[PDB]
Structures are given as C-alpha cells and as structure tokens.
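The next block holds one structure in the form of structure tokens; read it before the comments.
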Amino acid sequence: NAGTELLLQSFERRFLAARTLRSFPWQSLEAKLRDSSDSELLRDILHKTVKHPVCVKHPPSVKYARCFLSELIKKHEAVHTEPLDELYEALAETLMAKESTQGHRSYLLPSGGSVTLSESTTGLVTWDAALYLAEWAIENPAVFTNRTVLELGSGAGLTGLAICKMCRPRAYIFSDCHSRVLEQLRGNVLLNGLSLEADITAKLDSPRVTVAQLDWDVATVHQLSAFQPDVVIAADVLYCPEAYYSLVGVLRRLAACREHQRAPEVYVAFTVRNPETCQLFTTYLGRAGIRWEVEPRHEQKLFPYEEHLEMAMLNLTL
Ligand SMILES: Nc1ncnc2c1ncn2[C@@H]1O[C@H](CSCC[C@H](N)C(=O)O)[C@@H](O)[C@H]1O
C-alpha cells in the first residue's frame with residue numbers, strides 16, 4: 001500500500017513541477033498495473049495530475065499535457081483493455097480545444113498551499129538549487145521568521161515565494177539585474193497573491209515584498225545599505241567563474257554597508273555541476289576574508305529535482 005501512495009505523490013509532484021518525461025517512474029507503474037487489473041490507479045494518477053485543482057487553475061503547456069496523456073494511455077493499453085472513459089475524455093479535452101497560451105509550473109507546500117510560477121523558455125527558469133534552498137528554508141524556519149531577507153539573483157522567484165508562504169518573514173526583497181527576469185518575477189509575485197510594499201500592505205501578515213533591481217557589478221554601499229537585510233540568500237548564482245568576484249564584492253559591500261551593528265547571515269546554495277566551481281569560490285571567499293562552512297546535506301523530501309546532481313550550500317560569516 002505504501003508503495004502506491006509514494007508513487008502517487010511522485011507522479012503528482014513531478015507533473016505539477018513540469019519535470020522531464022524521462023523522470024517519471026514508469027516501471028513501478030508497470031509493475032502495479034501488471035499486479036492489478038484495476039484502472040482506479042490510473043484514475044487516481046489522472047486526478048492527481050491533469051485534473052489536479054492547481055493544474056486546472058494554472059495549466060502547463062498543452063504539449064506537456066498531451067505527451068503525458070499519450071504515454072499514460074500507452075501504459076494503460078499493455079494491461080487488460082478495460083476502457084477507462086475518463087482518460088480518453090480528458091485527452092479529448094486537451095486536444096480538441098484551445099491554444100498553447102503560456103506555461104505554468106506549480107510546487108506543493110506542506111501547508112496545503114502551492115507556489116505557482118509562470119516561467120518561460122537563463123534566469124527565466126526554476127533551477128534545482130532554488131528548490132534545494134526552499135526546502136532547507138522550510139526545514140529551518142527560525143532563520144527567516146520576522147526577519148528581513150534579501151535574495152541575490154531571485155530569477156523566477158521560487159525560493160522567495162516559498163519562504164514568504166512558509167517561514168513568515170517580516171520583509172522579503174527579491175533582487176535581480178535582468179529586466180525581463182524582474183518583470184516575470186513581479187508577475188509571479190502577484191500571481192501568488194502577494195502585494196508589493198509600494199502598494200498599501202494589508203493586515204501585516206503579508207510580508208513586505210519588494211522586487212528591487214540590484215546589479216552585482218555596480219551596486220554601491222549606499223544602495224545595499226538601503227535594504228537593511230538580516231539574512232542574505234542566493235541560489236545557483238555561480239554560473240561563470242568571473243561572476244564569483246562580482247558576487248563576493250557585493251557581499252563585501254553588504255557587510256561594509258552597516259559598519260555599526262552586526263553583519264547578516266549569508267547562505268549560498270548551488271548545484272555542483274563542476275567541482276572547480278566550489279573550489280574556486282571557496283578560494284575567493286578565503287582571499288576576501290569571508291569565512292565559510294558547508295551546511296549539512298538535508299534530506300530531499302518535498303520537491304522533485306530536475307537533474308539530481310550533487311547539491312551544496314555554504315554558510316558564510318562576513
Ligand atoms: N551580475 C549580476 N547581478 C545581479 N543578478 C545577476 C547577475 N548575474 C546573474 N544574475 C541573476 O542570477 C540568476 C541566476 S539563475 C538563478 C535563478 C534562481 N536563483 C533559481 O535558481 O531559479 C539569474 O536570474 C540572473 O538574472
């Protein structure tokens with residue numbers, strides 16, 4: 001019984017997150033369909049995916065839906081041909097009507113809510129390290145509760161939206177330098193029901209959410225002072241070795257910004273796509289006077305990661 005529930009959770013989370021088709025656990029479904037002639041498992045998969053309420057409100061790209069339903073029909077055809085009307089009617093609905101419009105990826109939260117993002121086809125995508133950092137923030141809510149959080153390179157804003165909906169920060173500052181990324185970020189913040197600080201904030205439960213432009217290369221000590229962060233986080237921001245120096249300079253300025261009172265806690269998570277990345281970043285941090293420790297690997301529970309590469313996260317003392 002436990003295997004079936006875990007399989008259903010896997011299918012739900014992987015379809016909602018629009019993960020790659022090859023990542024779906026088709027072999028466990030094959031075994032379960034071979035052991036039972038009951039199409040109710042396929043029906044439960046149907047209701048937890050294409051007919052899931054969060055999908056119904058924010059559907060993914062129609063291509064994804066039709067490929068998924070075609071492969072699910074193909075897996076249904078191998079076992080006893082008890083025709084399930086719901087699968088074919090749903091595929092009819094997907095195919096018969098509408099256009100591609102825009103895509104959506106949704107991520108479920110422990111509170112029963114969800115984070116819905118309208119990321120499109122490199123900052124316009126939700127990288128895995130964002131999922132990793134969001135999970136870590138969910139399992140360590142004391143770091144952010146009623147705190148001021150500044151994210152460097154928010155991208156689509158998955159991590160920040162998850163933190164705003166799970167850890168109750170006092171204020172959250174999404175920061176990026178690319179204009180289209182910031183536009184999609186504001187659209188995603190409004191899509192998830194969060195009102196910006198410029199707008200009149202209501203009831204003080206809503207965190208003061210701001211989407212500020214913050215280019216790492218020219219960010220001044222005054223501009224960074226203006227934010228007054230208690231925590232600074234970044235995820236998958238180590239794309240090129242040259243940007244290491246820009247990011248380290250930004251952290252340097254951030255510490256220097258408020259010489260009076262202490263420096264904020266800095267957490268940098270990244271996908272280890274090249275060990276040279278981590279080694280070079282650590283050497284630069286040591287040369288700049290920032291101390292660093294490796295945070296322990298946390299069990300990956302909620303979110304389905306795209307590539308399952310080795311994840312890492314550094315706690316930096318400024
Ligand atoms: N020099 C710079 N200054 C400010 N932001 C930068 C930057 N260089 C890259 N970025 C931003 O950093 C992001 C890295 S992609 C990571 C996005 C997000 N953290 C996620 O994991 O989904 C991009 O969105 C890009 O816009």
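In the structure tokens, the first chain shown is A, the next is B, and so on; residue numbers restart at 1 for each chain, and ligands run from 1 in the order shown.
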
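Backbone DSSP over stretch 247-300 of chain A yields alpha helix (DSSP H) at residues 247, 248, 249, 250, 251, 252, 253, 254, 255, 256, 257, 275, 276, 277, 278, 279, 280, 281, 282, 283, 284, 285, 286, 287 and 288 of chain A.
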
Kindly export the residues of the current selection with N, CA and C atoms, as a PDB file, in the first residue's frame.
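See selection-v4.pdb below for the written result:
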```
ATOM      1  N   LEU A 247      30.001  38.724  -7.138  1.00  0.00           N
ATOM      2  CA  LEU A 247      29.175  38.322  -6.004  1.00  0.00           C
ATOM      3  C   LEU A 247      29.910  38.523  -4.681  1.00  0.00           C
ATOM      4  N   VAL A 248      31.197  38.175  -4.644  1.00  0.00           N
ATOM      5  CA  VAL A 248      31.987  38.358  -3.429  1.00  0.00           C
ATOM      6  C   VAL A 248      32.119  39.839  -3.101  1.00  0.00           C
ATOM      7  N   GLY A 249      32.279  40.682  -4.123  1.00  0.00           N
ATOM      8  CA  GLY A 249      32.317  42.114  -3.885  1.00  0.00           C
ATOM      9  C   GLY A 249      31.009  42.639  -3.333  1.00  0.00           C
ATOM     10  N   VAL A 250      29.887  42.107  -3.822  1.00  0.00           N
ATOM     11  CA  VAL A 250      28.590  42.523  -3.294  1.00  0.00           C
ATOM     12  C   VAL A 250      28.461  42.143  -1.828  1.00  0.00           C
ATOM     13  N   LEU A 251      28.883  40.929  -1.472  1.00  0.00           N
ATOM     14  CA  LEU A 251      28.804  40.516  -0.072  1.00  0.00           C
ATOM     15  C   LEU A 251      29.724  41.368   0.801  1.00  0.00           C
ATOM     16  N   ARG A 252      30.923  41.662   0.292  1.00  0.00           N
ATOM     17  CA  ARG A 252      31.858  42.560   0.958  1.00  0.00           C
ATOM     18  C   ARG A 252      31.205  43.906   1.256  1.00  0.00           C
ATOM     19  N   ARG A 253      30.601  44.519   0.235  1.00  0.00           N
ATOM     20  CA  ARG A 253      29.933  45.804   0.419  1.00  0.00           C
ATOM     21  C   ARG A 253      28.775  45.690   1.403  1.00  0.00           C
ATOM     22  N   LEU A 254      28.027  44.586   1.332  1.00  0.00           N
ATOM     23  CA  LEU A 254      26.891  44.376   2.223  1.00  0.00           C
ATOM     24  C   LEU A 254      27.330  44.399   3.679  1.00  0.00           C
ATOM     25  N   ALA A 255      28.405  43.675   3.994  1.00  0.00           N
ATOM     26  CA  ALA A 255      28.970  43.762   5.336  1.00  0.00           C
ATOM     27  C   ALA A 255      29.430  45.186   5.644  1.00  0.00           C
ATOM     28  N   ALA A 256      30.136  45.831   4.705  1.00  0.00           N
ATOM     29  CA  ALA A 256      30.633  47.184   4.951  1.00  0.00           C
ATOM     30  C   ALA A 256      29.522  48.224   5.036  1.00  0.00           C
ATOM     31  N   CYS A 257      28.330  47.910   4.529  1.00  0.00           N
ATOM     32  CA  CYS A 257      27.281  48.910   4.399  1.00  0.00           C
ATOM     33  C   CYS A 257      26.888  49.483   5.761  1.00  0.00           C
ATOM     34  N   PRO A 275      33.192  20.611  -9.914  1.00  0.00           N
ATOM     35  CA  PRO A 275      33.854  20.819  -8.612  1.00  0.00           C
ATOM     36  C   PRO A 275      34.787  22.019  -8.596  1.00  0.00           C
ATOM     37  N   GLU A 276      35.338  22.377  -9.759  1.00  0.00           N
ATOM     38  CA  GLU A 276      36.165  23.572  -9.859  1.00  0.00           C
ATOM     39  C   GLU A 276      35.394  24.806  -9.409  1.00  0.00           C
ATOM     40  N   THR A 277      34.088  24.845  -9.693  1.00  0.00           N
ATOM     41  CA  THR A 277      33.224  25.918  -9.206  1.00  0.00           C
ATOM     42  C   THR A 277      33.358  26.103  -7.699  1.00  0.00           C
ATOM     43  N   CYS A 278      33.081  25.040  -6.941  1.00  0.00           N
ATOM     44  CA  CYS A 278      33.111  25.140  -5.485  1.00  0.00           C
ATOM     45  C   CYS A 278      34.510  25.471  -4.981  1.00  0.00           C
ATOM     46  N   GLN A 279      35.537  24.821  -5.539  1.00  0.00           N
ATOM     47  CA  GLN A 279      36.892  25.078  -5.054  1.00  0.00           C
ATOM     48  C   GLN A 279      37.303  26.528  -5.294  1.00  0.00           C
ATOM     49  N   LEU A 280      37.024  27.055  -6.490  1.00  0.00           N
ATOM     50  CA  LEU A 280      37.404  28.426  -6.809  1.00  0.00           C
ATOM     51  C   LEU A 280      36.617  29.431  -5.976  1.00  0.00           C
ATOM     52  N   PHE A 281      35.323  29.179  -5.763  1.00  0.00           N
ATOM     53  CA  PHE A 281      34.538  30.093  -4.941  1.00  0.00           C
ATOM     54  C   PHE A 281      35.049  30.109  -3.507  1.00  0.00           C
ATOM     55  N   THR A 282      35.405  28.939  -2.969  1.00  0.00           N
ATOM     56  CA  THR A 282      35.943  28.892  -1.614  1.00  0.00           C
ATOM     57  C   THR A 282      37.277  29.621  -1.525  1.00  0.00           C
ATOM     58  N   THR A 283      38.134  29.470  -2.541  1.00  0.00           N
ATOM     59  CA  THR A 283      39.409  30.183  -2.520  1.00  0.00           C
ATOM     60  C   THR A 283      39.196  31.693  -2.570  1.00  0.00           C
ATOM     61  N   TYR A 284      38.269  32.157  -3.414  1.00  0.00           N
ATOM     62  CA  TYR A 284      37.977  33.587  -3.471  1.00  0.00           C
ATOM     63  C   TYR A 284      37.430  34.095  -2.142  1.00  0.00           C
ATOM     64  N   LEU A 285      36.526  33.333  -1.522  1.00  0.00           N
ATOM     65  CA  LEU A 285      35.984  33.733  -0.227  1.00  0.00           C
ATOM     66  C   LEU A 285      37.082  33.827   0.824  1.00  0.00           C
ATOM     67  N   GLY A 286      38.000  32.858   0.835  1.00  0.00           N
ATOM     68  CA  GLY A 286      39.102  32.911   1.781  1.00  0.00           C
ATOM     69  C   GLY A 286      40.023  34.092   1.539  1.00  0.00           C
ATOM     70  N   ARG A 287      40.270  34.417   0.268  1.00  0.00           N
ATOM     71  CA  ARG A 287      41.112  35.568  -0.048  1.00  0.00           C
ATOM     72  C   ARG A 287      40.442  36.877   0.343  1.00  0.00           C
ATOM     73  N   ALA A 288      39.112  36.939   0.273  1.00  0.00           N
ATOM     74  CA  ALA A 288      38.394  38.168   0.588  1.00  0.00           C
ATOM     75  C   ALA A 288      38.161  38.365   2.081  1.00  0.00           C
TER      76      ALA A 288
END
```

Quick one: residues within 8 Å of stretch 68-83 of chain A, only C-alpha atoms, excluding same-chain residues fewer than 3 positions away - as a PyMOL selection string?
chain A and resi 21+30+33-34+37+39+42+64-65+87+91

Please, which residues have at least one atom within 7 Å of an atom of ligand 1, using only C-alpha atoms and all ligand atoms, listed as number ranges by chain?
A: 122-130, 152-158, 176-178, 181, 214-217, 234-237, 243, 246

Between A:141, A:241, A:304, A:112, single out the one closest to residue A:13, counting only C-alpha atoms.
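Among the listed residues, A:304 lies closest to residue A:13.
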
By how many Å are atom CA of residue A:58 and atom CA of residue A:167 apart?
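We find that atom CA of residue A:58 and atom CA of residue A:167 lie 24.2 Å from each other.
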
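Take the candidates A:274, A:242, A:224, A:317 and check each one against residue A:294 using only C-alpha atoms; the shortest distance goes to A:317.
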
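Distances to residue A:105 were evaluated for A:45, A:16, A:31, A:204 using only C-alpha atoms, and the minimum falls at A:16.
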
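The interatomic distance for the pair atom CA of residue A:10 and atom CA of residue A:26 works out to 10.8 Å.
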
Length of the atom CA of residue A:143 to atom CA of residue A:196 vector [Å]
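We find that atom CA of residue A:143 and atom CA of residue A:196 lie 22.2 Å from each other.
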
Find the residues around residue A:300 up to 9 Å (only C-alpha atoms counted), leave out those fewer than 4 positions away in its own chain, and share them as an MDAnalysis selection string.
chainID A and resid 132 135:136 304:305

Output file for the residues above (N, CA, C and O atoms, as a PDB file, in the first residue's frame):
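Generated output (result.pdb):
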```pdb
ATOM      1  N   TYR A 132      16.256  23.321  -3.636  1.00  0.00           N
ATOM      2  CA  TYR A 132      17.058  22.871  -2.501  1.00  0.00           C
ATOM      3  C   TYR A 132      17.047  23.908  -1.381  1.00  0.00           C
ATOM      4  O   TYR A 132      16.825  23.579  -0.207  1.00  0.00           O
ATOM      5  N   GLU A 135      13.567  24.116   0.264  1.00  0.00           N
ATOM      6  CA  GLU A 135      13.392  23.026   1.219  1.00  0.00           C
ATOM      7  C   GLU A 135      14.159  23.291   2.508  1.00  0.00           C
ATOM      8  O   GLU A 135      13.627  23.106   3.611  1.00  0.00           O
ATOM      9  N   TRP A 136      15.424  23.699   2.387  1.00  0.00           N
ATOM     10  CA  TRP A 136      16.216  23.992   3.577  1.00  0.00           C
ATOM     11  C   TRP A 136      15.578  25.097   4.411  1.00  0.00           C
ATOM     12  O   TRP A 136      15.552  25.017   5.645  1.00  0.00           O
ATOM     13  N   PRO A 304      10.627  17.711  -6.275  1.00  0.00           N
ATOM     14  CA  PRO A 304      11.274  16.823  -7.247  1.00  0.00           C
ATOM     15  C   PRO A 304      12.312  17.558  -8.083  1.00  0.00           C
ATOM     16  O   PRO A 304      11.974  18.446  -8.872  1.00  0.00           O
ATOM     17  N   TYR A 305      13.579  17.195  -7.924  1.00  0.00           N
ATOM     18  CA  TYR A 305      14.647  17.916  -8.602  1.00  0.00           C
ATOM     19  C   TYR A 305      14.812  17.435 -10.039  1.00  0.00           C
ATOM     20  O   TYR A 305      14.560  16.271 -10.370  1.00  0.00           O
TER      21      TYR A 305
END
```

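Nearest residue to residue A:272 among A:308, A:104, A:147, A:168 is A:308, counting only C-alpha atoms.
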
Between A:232, A:95, A:238, A:262, which is the closest to residue A:315 once you count only C-alpha atoms?
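Selected residue with least distance to residue A:315: A:232.
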